[PDB]
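Below, in structure tokens: the form deposited in one PDB entry, a single chain.
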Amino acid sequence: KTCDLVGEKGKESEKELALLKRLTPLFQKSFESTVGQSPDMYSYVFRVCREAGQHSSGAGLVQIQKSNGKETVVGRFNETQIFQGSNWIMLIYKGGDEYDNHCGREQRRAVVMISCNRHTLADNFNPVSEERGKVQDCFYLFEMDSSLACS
């Protein structure tokens, strides 16, 4: 099980496929981070096209509430979209858990900005913000370094 792109097999973007192929070396890797104070003590676990959760729900990125260890799925890698610019790669996992009292109760979303760092294959995975104040198109933002994002 790897990331799934938009469209039945074959109608898929050769650009996005070429990118998935490029990110292969990060598949085996796992990224973690704990942000927040208390009602914010969160631990975000991120993976590229691999289960980042312990509930086998196909999570590409999970948000763990340190207090009670409850696991929330922020995005799923079978609803993945990717594209790159000159020195960055944007990764997006959709199909996350539904909001209950925010954003029209739409599924959660994770947006990961991958910037170019010649010094490491991958490192510095850091949560930036959560936009849950819109009627739609909300999301969680994270950033990380990777030499794969370089040209």
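Note that residue numbering begins at 1 and tracks the sequence as displayed. Note that the rigid core is defined as the largest set of C-alphas that superpose within 1.5 Å between two forms.
Displacement analysis by core superposition in 6 other deposited structures of this protein ranks 130-138 above the other of 20-28 and 130-138 in root-mean-square C-alpha distance from the shown form. After superposition on the rigid core, the larger root-mean-square Cα deviation in 6 other deposited structures of this protein belongs to 98-106, not to the other of 59-67 and 98-106. In the record comparison, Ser38 is unmodelled in at least a third of the other entries of this protein that model the residues flanking it. Between the stretches 122-130 and 35-43, it is 35-43 that shows the larger average CA temperature factor. Across the two stretches, 44-52 and 64-72, the PDB entry reports the greater mean Cα temperature factor for 64-72. The PDB entry assigns its highest CA temperature factor, among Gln28, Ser57, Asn87, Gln107, to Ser57. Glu143: CA B factor lies in the lowest third for its chain, per the PDB record.
Same protein, other form: the form solved in complex with a small molecule, not shown, and the subject of what follows.
The small molecule in the bound PDB entry comes within 4.5 Å of no heavy atom belonging to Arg50. A residue is said to contact a partner when one of its heavy atoms sits within 4.5 Å of a partner heavy atom; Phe31 meets this definition for the small molecule in the bound PDB entry. In the bound PDB entry, the small molecule lies farther than 4.5 Å from every heavy atom of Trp88. Using a 4.5 angstroms limit between non-hydrogen atoms, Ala122 touches the small molecule in the bound PDB entry.
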